[PDB]
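Positions of Cβ are backbone-derived with ideal geometry, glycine not excepted, and every protein chain shown enters the neighbour counts. Please treat every number below as a calculation from the coordinates, not as lab data.
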Protein chains: 2
Amino acid sequence: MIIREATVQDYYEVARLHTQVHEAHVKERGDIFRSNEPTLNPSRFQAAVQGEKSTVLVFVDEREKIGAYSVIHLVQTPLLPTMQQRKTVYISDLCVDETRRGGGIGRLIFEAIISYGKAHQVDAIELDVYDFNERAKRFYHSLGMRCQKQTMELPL
Amino acid sequence: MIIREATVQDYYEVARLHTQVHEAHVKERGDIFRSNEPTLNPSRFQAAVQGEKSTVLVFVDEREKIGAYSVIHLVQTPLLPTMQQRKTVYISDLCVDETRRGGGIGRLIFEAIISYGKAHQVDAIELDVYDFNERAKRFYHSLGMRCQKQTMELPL
């Protein structure tokens with residue numbers, strides 16, 4: 001129905017969506033991620049909502065239920081001797097309810113992030129995604145995103 | 001041929017190697033990287049050499065030139081509600097002289113990094129590499145490294 005900015009009163013619905021994605025990461029990379037109740041710290045959520053450079057978006061359906069959310073950050077680095085000045089929207093979180101994928105919700109949310117980025121005349125949108133996460137990768141790829149760089153690892 | 005810790009007196013030889021890698025990145029991703037003379041800040045080099053958690057290694061051979069260097073960091077994150085405790089060696093820089101490729105130098109340097117990681121009983125060695133850099137990616141893969149996660153981008 002609509003995409004709006006979240007408020008602090010959206011914590012419980014957002015936190016539930018956060019747990020779906022977090023537990024999937026715990027399952028695949030338990031060497032890095034740990035289970036907890038809650039998985040979303042409400043103080044961290046409050047800071048994201050009220051932060052100067054961060055924005056929390058939610059997709060709300062016709063029944064006033066939150067179906068997806070995203071957290072984004074306006075990032076600016078100045079001109080340096082060896083690095084260009086750069087302005088980006090960084091997506092730290094984007095979760096679509098597990099039972100509501102394939103309904104176009106994720107694309108709608110991403111289009112809102114694009115609109116925001118253009119309004120702020122940013123150079124690019126960026127995010128980070130784990131290699132095991134084929135669902136996320138195919139999603140971002142289908143929307144035109146491409147790999148900039150990667151973290152490589154060798155367990156000892 | 002030896003691998004030893006660098007000192008501040010190794011600045012110029014190391015800076016030259018840093019420049020080779022940096023200008024390759026300027027050429028391929030000039031949207032992010034910028035040319036400068038020098039590309040390696042000597043105050044930053046000194047801090048890396050003398051840093052509590054950083055180590056700079058150099059490969060010296062043939063009498064008596066530096067053919068490669070690397071900068072590594074001991075990284076420790078504590079147990080958190082949603083993240084496991086983790087200890088790693090992060091490689092922030094690794095440059096083998098362009099003119100000295102195909103001589104087993106990169107592997108020798110990496111083996112010394114592995115030894116360090118083992119002495120410090122770390123969980124993994126990690127690094128970041130740009131997607132355009134097929135040579136570095138293939139080389140790191142040939143050492144057994146694998147993609148953990150990636151940064152994706154969409155220019156606007």
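Given the protein assembly as shown, what percent of its DSSP beta bridges are antiparallel, to the nearest 5? If I count the DSSP bridges inside the protein assembly as shown, around 90 percent turn out antiparallel.
According to the calculation over all Cα-Cα pairs in segment A:44-97, the P(r) per 5 Å bin from zero is 4, 17, 20, 19, 14, 11, 7, 4, 3, 1, 0 %.
Grouping the Cα pair distances of chain B into 5 Å bins from zero gives a pair-distance distribution of 2, 8, 16, 20, 20, 18, 10, 5, 2, 0, 0 percent in increasing distance order. Note on segment A:29-64 and segment B:59-109: Cα centroid distance 35 Å, given to the nearest whole angstrom. Given in Å, the Rg to one decimal and the Dmax to the nearest whole number for the Cα atoms of segment A:113-156 are 13.4, 46. Please compute the net charge surrounding A:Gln84, taking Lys and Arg as +1 and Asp and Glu as -1 over other residues with Cβ under 13 Å from its Cβ. Summing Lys and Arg as +1 and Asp and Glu as -1 gives +2. Pairs of Cα atoms nearer than 8 Å and 6+ residues apart set the relative contact order; for segment B:2-156 it is 19 percent. Taking a point 7 Å out from Cα toward Cβ as the label site, list the nm distances between A:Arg44 and the same residue in every other copy, smallest first. Those separations, rounded to one decimal, come out as 2.9 nm. Normalised size of segment B:1-78, defined as Cα radius of gyration per 2.2 N^0.38 Å with N residues, equals 1.20. For a paramagnetic label modelled on A:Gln121 (point 7 Å from Cα along Cα→Cβ), amide N atoms under 15 Å away belong, within segment B:133-156, to B:156. Between the exposed loop cleavage positions of chain B, defined as GluC sites (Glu not before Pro) in a non-H, G, I, E, B DSSP state with at most 12 neighbouring beta-carbon atoms within 10 angstrom, the longest gap is B:65-156. Inter-chain Cβ neighbour count for A:128-141, averaged per residue, equals 2 (cutoff 10 Å, partner chain atoms only). Chain A residue nearest the rotation axis toward B, with distance: A:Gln150, 2 (Cβ to axis, whole Å). Classified by the C-alpha gyration tensor, segment A:78-156 has an oblate form. Its axis ratio a/c, with a ≥ b ≥ c, is 1.5 or above, and a/b does not exceed b/c.
Kirkwood radius and radius of gyration were both taken over the C-alpha atoms of the protein assembly as shown, and their ratio Rg/Rh is 1.01. Counting from the shortest, the label point at A:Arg4, 7 Å from Cα toward Cβ, is 6.8 nm from the same position in each remaining copy. The same position B:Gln84 in the other copies lies at 3.9 nm from this copy, comparing label points 7 Å beyond Cα toward the beta-carbon, shortest first.
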